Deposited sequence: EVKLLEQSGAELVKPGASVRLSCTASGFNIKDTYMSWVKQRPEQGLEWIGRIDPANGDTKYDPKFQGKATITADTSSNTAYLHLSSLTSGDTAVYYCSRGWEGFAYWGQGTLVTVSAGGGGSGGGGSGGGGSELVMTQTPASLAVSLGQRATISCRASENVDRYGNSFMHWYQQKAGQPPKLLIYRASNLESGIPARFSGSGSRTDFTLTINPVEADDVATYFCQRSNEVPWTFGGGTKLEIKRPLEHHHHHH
């Protein structure tokens, strides 16, 4: 049974440090990259960094330098996230995620509560009101190329409340296994789109685009899909 299990909720005093774990079962962590993702309440996904557990190579988004330290222990099949000198700005749900061509497997998330020349990913619209059965198009514009080996490393995710994100599309246009045919992707170079046709009641969620060709593996600002009122 393939699963990523994270450690329980943390109550940290301001200025203190914390270390979160991500234990894998059914698969080996050394197989692919392991990333950590930050999500503040009602806000978008923030890619912290990634580890290659096989050699211990780490890469971070500049925003998390001097804050986050990602490690891995291959013997216990576990990846870790160390966060130093915590403030209210660090209060969020931290997710661990497996993969390169989109994050197919995600941990359940760990709540961390604190109490006493850069790449730009433009996701439009921020909110989209649509009637049941309508066609919905979500755009993602990257400031830099998302290409690697002549392929666009553009991925799309669906995120419902109180749940980790779900991979829909990988490599700009490829449908993830188990995802219904109503979801489709298109685009090249810097401009990309996600299409949901027809929109069902289960499609009410927040959608995110993401690049992974080169570090940082930046997510778009997100699109909240709602039903027309």
| item | value |
| --- | --- |
| Unmodelled intervals of the deposited chain, in order | 1, 118 to 131, 245 to 253 |
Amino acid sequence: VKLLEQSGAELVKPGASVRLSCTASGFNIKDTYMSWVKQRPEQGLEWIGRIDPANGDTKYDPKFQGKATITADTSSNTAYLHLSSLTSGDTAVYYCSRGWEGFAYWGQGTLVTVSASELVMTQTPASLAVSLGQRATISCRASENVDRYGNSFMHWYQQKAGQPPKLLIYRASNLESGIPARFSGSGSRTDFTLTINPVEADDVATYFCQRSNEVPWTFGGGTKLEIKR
From here on, numbers count along this sequence of modelled residues.
| item | value |
| --- | --- |
| At least a third of other PDB entries omit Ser117 | yes |
| Average Cα temperature factor in the PDB entry - higher stretch of 129 to 137, 154 to 162 | 129 to 137 |
| Residue range whose averaged C-alpha B-factor is higher in the record, 31 to 39 or 174 to 182 | 174 to 182 |
| Candidate residues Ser21, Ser25, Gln210, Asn213, the one whose C-alpha B factor the record puts highest | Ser25 |
| Maximum C-alpha temperature factor, selected from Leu167, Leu45, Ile48, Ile196 | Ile196 |
| Ranked against its chain, the third holding the CA B-factor of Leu111 | lowest |
| Relative C-alpha B-factor of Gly15, binned into the chain's lowest, middle or highest third | highest |
| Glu101, C-alpha B-factor rank within chain (lowest, middle or highest third) | lowest |
| Lowest, middle or highest third - CA B-factor, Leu119 | highest |
